[PDB]
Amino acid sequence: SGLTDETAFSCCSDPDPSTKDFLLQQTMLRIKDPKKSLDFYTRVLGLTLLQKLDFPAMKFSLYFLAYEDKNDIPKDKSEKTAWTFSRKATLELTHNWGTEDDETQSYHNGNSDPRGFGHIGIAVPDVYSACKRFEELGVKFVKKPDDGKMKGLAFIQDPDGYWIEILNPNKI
């Protein structure tokens, strides 16, 4: 069926004043092996590791990455934490300890049964130059820019197989 524009925007309320300072701070993905994930997101995609949080009692770690200047990261732990969680658009990678050593274990990327989550997306100045570099670095592709239905956008995968869209906001 699909919604008309008028129906859709009619379902949209103006923000309640109590929500005016809310910000979309994080997207969380579970990762099998942070050694592989951290290398991918920093070296291939150019994100910065803001903070590493460990929870020994609960046997997991959290890695928060974002497009931020590392020199802006506060050194003091408490000041670092308050800064990290106040950033927009961070990526939280969750490491349940031991998964990297378990050959039977893997996470699900949400694009096959059972579906839900789809992807994260990166805005880039140039999809084609970006994917050419990706190709040279051995990155695995779901969708090269000119394949599939929508031309000029790409899907690559991280070491867990999560889809990452590559897009140019000025060519859509």
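Under this definition, the rigid core comprises the largest set of C-alpha atoms superposing within 1.5 Å between the forms. Start at 1 with the first residue shown and count on from there.
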Using RMS Cα distance over all structures and residues, flag whichever of 110-118 and 143-151 lies farther from this form in 5 other deposited structures of this protein after a core fit. 143-151
Return whichever of 13-21 or 155-163 has the larger RMS Cα deviation from the displayed form in 5 other deposited structures of this protein, where every structure is aligned on the rigid core. 13-21
Taking only the CA atoms, which stretch has the higher mean B-factor in the record, 21-29 or 152-160? 152-160
Mean C-alpha B-factor higher for 77-85, or for 93-101? 77-85
Entry record, C-alpha B-factors for 45, 49, 62, 57; the maximum is at 57
Among the modelled residues of its chain, the C-alpha B-factor of residue 138 falls in the third labelled highest
In terms of its chain's C-alpha B-factors, the third that includes residue 35 is the middle
Looking at the temperature factor on the CA atom of residue 129, which third of the chain's modelled residues does it land in? highest
